[PDB]
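This document starts with one chain, in the form deposited in one PDB entry, laid out as structure tokens.
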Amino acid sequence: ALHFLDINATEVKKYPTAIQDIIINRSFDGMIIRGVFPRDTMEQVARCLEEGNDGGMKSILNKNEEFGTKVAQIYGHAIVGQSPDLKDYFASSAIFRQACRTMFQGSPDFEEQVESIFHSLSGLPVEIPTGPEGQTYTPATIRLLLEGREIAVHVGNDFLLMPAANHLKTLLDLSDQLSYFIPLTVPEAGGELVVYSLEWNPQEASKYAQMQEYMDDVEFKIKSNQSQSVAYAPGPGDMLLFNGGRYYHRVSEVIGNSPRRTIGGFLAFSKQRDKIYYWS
């Protein structure tokens, strides 16, 4: 039984240590924050991507056609799965920030609005990380889930076991990371975030020679219903902020001809717990 708060965006200042409460005190596990962006803004950014006047976002669309036709497509390289040099990731991330800033037209700016939310919920400065030579990480990527596609079950803290995380681990507290995302467009059915009470467990994972074999077993656990779940279908402009680092989660298959498009990533404390970093 994971515990999520449902508040409005005008209420964030009433929860000034929410992020500390989720990560450090562990007194609840996530929150939905309604209307972080206006619906008009979501519809505007959506039309930019549909029509192709997207500031170049289309140039960093990764269709993932080598992962099968059941996988999400993504604008921008996600850091998960990147090689530890991060060269291609840093390039896509610069393109992403410019395209994103173009599409949002400051009405409101994506980075500014997301940073304001995280600040209100922590009382701390908020920053996008920079690489060892000053390269910018991306604040977010955009996931595009067409009809019949899903995001398979996974857990966020596995990032801390990947070579892509090497540099980020020098800046981070190494406690749980949170997930955050905001729908731009929502599908007619499906496309639901499901979060399970099954937790990240590197101890169990180390008994497997191939992580794929370990995930095949996680899939059996969650499909046996042994684990409790909660499920959410935020609307356009609502933000979902949750302990995806600790808890396995997935997004259910999209149904119908309207794609699910979501913008988001992750956040976590700095080494000394005196700043919020956020990235994708």
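Basically, rigid core = biggest C-alpha set you can superpose within 1.5 Å across the two forms. Note that residue numbering begins at 1 and tracks the sequence as displayed.
A second form of this protein, the form deposited with a small molecule bound, is not displayed here; the remarks below concern that form.
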Specify the contacting stretch among 132-140, 78-86, 104-112, 167-175, defined as having any heavy atom within 4.5 Å of the small molecule in the deposited complex. 78-86
If you check 64, 59, 44, 53 against the small molecule in the deposited complex, which one has a heavy atom within 4.5 Å? 64
Just one of 159, 200, 118, 196 has a heavy atom within 4.5 Å of the small molecule in the deposited complex. Which one? 159
Do residue 152 and the small molecule come within 4.5 Å of each other in the deposited complex, heavy atoms counted? yes
Residue 232: heavy atom within 4.5 Å of the small molecule in the deposited complex? no
Hey, in the deposited complex, does residue 71 get a heavy atom within 4.5 angstroms of the small molecule? yes
Is the gap between residue 215 and the small molecule in the deposited complex 4.5 Å or less for some heavy atom pair? yes
Core-fitted Cα difference of 2 Å or more between the shown form and the other one, single residue among 189, 171, 194, 71: 71
2 Å or more on the CA of residue 214 between the shown form and the other one, with the rigid core superposed, yes or no? yes
Once you line up the core, how about residue 224: does its CA shift reach 2 Å between the shown form and the other one? yes
Since the Cα separation of residue 191 and residue 225 moves by 3 Å or more in the deposited complex, tell me which way: closer or farther than here. farther
Outcome for the Cα pair residue 235, residue 225 in the deposited complex, compared with this form (closer or farther; change of 3 Å or more): farther
